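Take a look at this single chain in structure tokens; it is the form deposited in one PDB entry.
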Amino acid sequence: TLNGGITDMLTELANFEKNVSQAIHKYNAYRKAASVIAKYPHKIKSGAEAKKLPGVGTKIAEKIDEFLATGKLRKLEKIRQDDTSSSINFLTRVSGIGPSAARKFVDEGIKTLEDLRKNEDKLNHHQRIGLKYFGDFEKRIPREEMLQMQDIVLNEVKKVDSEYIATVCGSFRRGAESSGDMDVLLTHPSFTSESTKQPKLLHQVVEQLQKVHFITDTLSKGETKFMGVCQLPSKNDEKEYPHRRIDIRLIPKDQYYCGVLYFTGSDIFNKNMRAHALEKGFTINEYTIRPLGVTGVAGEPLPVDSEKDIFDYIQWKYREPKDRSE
């Protein structure tokens, strides 16, 4: 838990700026600072010491001085006592209630868990499922359950078409001991950057996972991205496993490396790496790495035959998945 006090302070400040202030760049600034301090292999003894790290400026240095002197932050003390703030911070924990919906709900007097359950007809489909599994979704998944979930998905995908490849990404591919959810990258040879030679490629997989009662609910679904809910089967007379979030992303098979880089994360690593790419005159998305032309208009996709090729282009030494976490 080294500099755990400081990183917890910065995360709380980030969530405030995101949820209450709707200040996305302040949110990103706080999380970048939190991530760089988490990686620092010494007990920070001063704001001046922290300020030497990239992402920590004058204002974060001053808060760290306050926090090390007093073990708290008066700004955070006040946010915690503010009723609108604490109402908004609570509601934003429901899947599908963002900053705008939370403030809207608070404006209608809907501020608590009881208030939401009374007001189900005021909730869209996503929000109703977020409410139904509120408690379940705050639970982390042990790596042991992630391996059982992997076995069901990979085995069920093989049953639809042996040409599908399914890869579990997110914190699981980074080798975390627990995961917030299950992120699945899907490829099929019939879907490339050049041609969709078969329709319902994602649909057929979702349908098989519904048929064996693994996928239990849908939050959203298009041609390339599924967002839903799944659950491990339980034994005779055992308590049921919690319901879990599942994301499935179908990526063009020739663009697998850009796709697996994106879907492995972490989010903060992606933002740091894409920001660095821009500094080096390249743009990275889940599909391609492209050069920026004279104008600032992206050029043709560069050849990529490995994750490492993307690192090479922007002149970074390769980071294994396990080294891309916070």
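Note that the rigid core is defined as the largest set of C-alphas that superpose within 1.5 Å between two forms. We number the residues from 1 along the sequence you see.
In what follows, reference is made to the form deposited in another entry, a form of this protein that is not presented.
*2 Å or more on the CA of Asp107 between this form and the one not shown, with the rigid core superposed, yes or no?*
No, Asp107 moves less than 2 Å.
*After fitting the core, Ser162 CA displacement of 2 Å or more between this form and the one not shown*: Not so; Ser162 is displaced by less than 2 Å.
*Closer or farther: the CA pair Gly222/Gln198 in that other deposited form, versus this form, with a change of 3 Å or more?*
Compared with the form shown here, the C-alpha atoms of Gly222 and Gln198 sit closer together in that other deposited form, by 3 Å or more.
*How does the CA gap of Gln198 and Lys225 change in that other deposited form versus this form, closer or farther, if it moves 3 angstroms or more?*
Closer in that other deposited form, by 3 Å or more.
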